[PDB]
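Throughout, a chain's letter reflects where its sequence line sits, starting with A, and its residues are numbered from 1. Note that these values count all heavy atoms, side chains included, but never hydrogens, waters or copies made by symmetry. Each ligand, and each atom within it, is numbered from 1 in the order the structure gives.
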2 protein chains.
Amino acid sequence: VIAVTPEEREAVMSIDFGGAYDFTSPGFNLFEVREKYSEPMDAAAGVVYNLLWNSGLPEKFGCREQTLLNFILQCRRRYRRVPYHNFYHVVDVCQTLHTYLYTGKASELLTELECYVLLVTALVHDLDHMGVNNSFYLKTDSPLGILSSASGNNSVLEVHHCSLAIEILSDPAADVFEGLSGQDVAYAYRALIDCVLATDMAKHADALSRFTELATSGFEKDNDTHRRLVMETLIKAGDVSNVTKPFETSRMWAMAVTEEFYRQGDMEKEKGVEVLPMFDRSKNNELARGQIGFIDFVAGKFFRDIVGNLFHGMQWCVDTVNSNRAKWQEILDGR
Amino acid sequence: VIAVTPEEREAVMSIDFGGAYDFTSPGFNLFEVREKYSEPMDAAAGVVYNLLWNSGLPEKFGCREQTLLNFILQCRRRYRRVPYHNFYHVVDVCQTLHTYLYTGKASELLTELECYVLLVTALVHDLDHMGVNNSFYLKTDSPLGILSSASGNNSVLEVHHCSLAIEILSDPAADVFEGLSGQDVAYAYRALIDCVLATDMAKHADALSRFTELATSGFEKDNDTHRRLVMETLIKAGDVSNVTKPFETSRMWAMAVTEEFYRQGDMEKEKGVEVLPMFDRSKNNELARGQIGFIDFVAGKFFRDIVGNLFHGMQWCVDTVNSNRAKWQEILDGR
Ligand SMILES: CC(C)Cn1c(=O)n(C)c(=O)c2nc[nH]c21
Ligand SMILES: CC(C)Cn1c(=O)n(C)c(=O)c2nc[nH]c21
Ligand SMILES: [Mg+2]
Ligand SMILES: [Mg+2]
Ligand SMILES: [Zn+2]
Ligand SMILES: [Zn+2]
């Protein structure tokens with residue numbers, strides 16, 4: 001086990017935000033932080049450390065300050081230098097989930113322990129992502145794809161993310177569940193795992209269907225399964241929240257996603273496997289049309305459905321994705 | 001990636017066996033090597049390097065000498081200091097499989113590539129075993145157990161071993177599949193994974209059932225699935241081969257298995273969960289009783305069945321397990 005050094009912790013703690021940022025606000029722009037600090041990775045770690053510690057949740061559940069920081073840094077160490085699925089993506093999902101829980105009032109549907117676990121889970125949900133999706137592993141006969149097929153689980157990356165999450169938390173120095181009872185620890189692990197596994201987009205249609213059925217049948221807060229579905233739906237929302245952010249911020253995320261997809265396509269061309277147009281740098285896809293498509297077919301539809309049927313406090317997400325769609329449409333009609 | 005140093009390789013190559021051992025013989029006794037050499041772990045690594053390199057298979061498939069040695073050492077690094085599931089167990093399974101393939105003539109049912117992959121697989125089949133079985137993870141609500149429940153695969157340990165095998169092989173310096181074509185590499189990985197997953201004893205009955213059907217319908221060497229089942233059955237045989245070795249050697253293995261089981265039992269008592277008789281140190285069970293039970297209802301029938309139905313050249317395994325049962329019975333009747 002490679003321990004986190006005092007220098008590494010000090011590099012994050014020394015970051016001075018000068019009270020010029022509201023990490024609890026939906027308007028927070030992580031790209032601004034990345035551009036204004038010479039050490040963007042330390043600054044990013046600082047954003048989540050500040051946000052999580054200041055929430056009072058870690059302290060409430062017996063997690064020490066240093067343990068929380070070590071956890072954040074151990075997670076960071078496991079994210080690669082890819083265009084999109086890097087440390088910044090999970091910092092963003094974590095911060096975004098905080099806004100859904102507290103600014104969006106989703107915390108009213110969960111216990112405090114579940115809110116804590118959901119925020120922690122955001123940081124481990126994409127561990128060791130290599131910039132290629134599950135399909136790539138299966139199409140290229142990659143070892144990880146072969147193992148997933150033989151073991152009987154199509155969630156290639158998600159099970160991998162869970163395994164690494166368990167590895168990180170097995171270290172006493174980074175165990176953010178260190179203050180929980182044995183019963184709560186087992187409960188927390190299952191919730192964390194359920195949430196990470198729920199991010200597999202191959203389960204999207206079914207996930208949305210189940211959420212809708214829960215909402216229409218009547219949410220019962222005393223039902224652990226109902227609350228679990230809420231947790232899974234929230235992390236899914238954060239995972240596809242890029243299109244619900246202020247236009248300019250949404251575009252920056254889109255350019256990152258695009259470059260990552262193109263790099264996967266470059267690898268697929270080399271391996272002689274099928275390359276979907278959206279992953280092909282040579283088919284000059286239009287950014288605007290692609291964003292309108294993701295909004296209409298996936299993300300916009302998802303937010304309109306979950307906000308309209310249960311997460312009423314997250315209306316701003318819908319108003320913004322609708323506004324962004326109109327802006328992209330305007331761009332299309334202009335070219 | 002932690003590279004293997006020249007000094008580490010030198011420590012293995014400096015081991016002088018002289019001509020005191022025949023690593024290709026069913027009579028080879030690994031305990032003799034362990035007891036006599038001051039650096040038993042280096043000597044054990046030397047046994048496998050000598051056996052595998054001198055087989056001609058690594059060279060035939062483009063595996064370089066240093067690559068093979070690095071692979072052996074990378075595997076060794078991942079075995080823990082537990083009583084039974086340590087590096088010596090996999091060295092034993094590897095050596096035993098060689099005897100089944102060449103002394104037992106099982107190589108006649110496989111391609112040379114499959115023989116090579118089978119031998120390599122023996123070294124990675126128990127990577128990072130912690131001295132407790134799959135049941136332990138489930139009974140104690142361990143994170144790995146929870147992930148298994150959520151993922152759908154009950155072979156907790158075996159999937160883990162495969163994951164680490166993939167990790168080791170991802171290193172160009174230890175990639176023993178480095179000389180294979182892309183097609184053969186994918187084939188090799190699937191075979192290795194199938195074989196490791198086949199070692200989960202929870203699937204024993206089904207594994208034997210399918211093997212029997214293979215014999216019932218007729219083995220066809222040109223059928224890739226038939227040869228795959230042969231590979232899986234052979235590694236299973238090697239895995240439970242302790243009872244087929246010369247009595248004194250078999251007895252020493254039994255002592256190691258027993259102590260590991262007792263330690264799992266001690267841990268279960270500390271966690272407040274059920275402890276089965278076989279794992280209870282406090283009952284002071286007779287070594288002979290446990291071996292007779294294992295022979296009578298598991299290993300005994302298994303060898304009699306696979307040898308009688310297809311592996312006819314491995315008759316000595318059946319003859320020895322029968323003579324061993326008789327000796328255990330005499331130890332009991334004498335006490
Ligand atoms: C990255 C991917 C899993 C989800 N995702 C995304 O976040 N944005 C912004 C997209 O435009 C997009 N298009 C497909 N998938 C997408
Ligand atoms: C390690 C275990 C799963 C297999 N195994 C074994 O190899 N020996 C020698 C035993 O006596 C035994 N008893 C139960 N399982 C056993
Ligand atoms: Mg993901
Ligand atoms: Mg095993
Ligand atoms: Zn994600
Ligand atoms: Zn084994």
Side-chain angles (χ1 to χ4, degrees), chain A residues 79 82 84-94 96-97 121-134 155-162 164-165 195-204 235-242 253 256-257 260 299, chain B residues 82-86 89-90 92-93 96 125-126 129 131-136 157-158 199-204 236-245 249-262 264 276-279 285-300 302-303 321 324-325 328:
Chain A
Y79 282 94
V82 292
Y84 182 79
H85 285 100
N86 50 53
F87 186 60
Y88 303 121
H89 165 62
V90 305
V91 167
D92 173 52
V93 173
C94 183
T96 299
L97 286 181
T121 300
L123 297 177
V124 308
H125 94 275
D126 272 325
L127 291 165
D128 196 43
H129 198 293
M130 294 294 267
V132 294
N133 56 30
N134 288 337
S155 302
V156 189
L157 288 172
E158 293 73 22
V159 173
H160 180 61
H161 303 321
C162 287
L164 292 181
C195 286
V196 179
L197 295 180
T199 61
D200 178 1
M201 286 302 287
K203 308 176 181 174
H204 186 79
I235 191 167
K236 275 186 57 57
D239 216 14
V240 300
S241 65
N242 289 171
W253 284 122
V257 167
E260 185 166 300
Chain B
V82 292
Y84 183 75
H85 286 99
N86 51 54
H89 164 65
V90 301
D92 174 52
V93 173
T96 298
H125 95 278
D126 271 323
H129 198 292
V132 295
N133 57 29
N134 289 331
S135 179
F136 180 95
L157 284 159
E158 295 72 25
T199 60
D200 179 0
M201 285 302 281
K203 302 172 62 179
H204 186 72
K236 274 186 57 58
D239 211 18
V240 298
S241 65
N242 289 170
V243 297
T244 67
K245 301 309 180 73
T249 298
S250 182
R251 189 156 173 286
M252 288 195 83
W253 283 121
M255 294 177 183
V257 173
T258 298
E259 179 53 31
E260 181 165 305
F261 282 180
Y262 285 173
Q264 174 176 325
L276 298 182
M278 185 182 273
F279 303 73
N285 299 301
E286 191 69 62
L287 192 64
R289 170 170 301 189
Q291 290 294 290
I292 293 177
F294 186 62
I295 288 175
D296 283 359
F297 306 102
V298 181
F302 185 65
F303 275 91
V321 70
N324 282 341
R325 187 194 185 296
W328 286 121

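Inter-residue side-chain proximity for A:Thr121 and A:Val196 is flagged as met; some heavy-atom pair is nearer than 4.5 Å. Between A:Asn134 and A:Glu158 the shortest side-chain heavy-atom distance falls below 4.5 Å. At a threshold of 4.5 Å between non-hydrogen side-chain atoms, the residues B:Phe136 and B:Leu157 do not count as touching.
At least one donor-acceptor pair under 3.5 Å links the side chain of B:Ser250 to the backbone N or O of B:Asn242. Side-chain N or O atoms of A:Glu260 include none that pairs as donor or acceptor with a backbone N or O of A:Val82 at under 3.5 Å. Side-chain atoms of A:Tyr79 do not come within 3.5 Å of backbone N or O of A:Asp128 as any donor-acceptor pair. Here the side chain of B:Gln264 pairs no donor or acceptor atom with the backbone of B:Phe279 at under 3.5 angstrom. A distance-only check finds a donor-acceptor pair linking the side chain of B:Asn285 to the backbone of B:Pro277 [under 3.5 Å].
Within 4.0 Å of ligand 2, counting heavy atoms only, the contacting residues are B:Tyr84, B:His85, B:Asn242, B:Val257, B:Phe261, B:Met278, B:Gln291, B:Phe294.
Residues satisfying the salt bridge (charged side-chain N to carboxylate O under 4.0 Å, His left out) test with B:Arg251, not counting sequence neighbours, are none.
If you look at the Mg ion (ligand 3), the protein N, O or S atoms less than 2.8 Å from it are A:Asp126 OD1. Atoms of the protein (N, O or S only) found under 2.8 Å from the Zn ion (ligand 5) are A:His89 NE2, A:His125 NE2, A:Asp126 OD2, A:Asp239 OD1.
A:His129 and A:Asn86 share no side-chain donor-acceptor pair at under 3.5 Å.
B:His125 has its ring centre less than 6.0 Å from the ring centre of B:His89.
When all heavy atoms are compared, the tightest approach of B:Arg325 to B:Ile292 is NH2-CG2, 3.5 Å. Across all non-hydrogen atoms, the minimal contact from B:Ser241 to B:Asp92 is OG-OD2, 4.4 Å.
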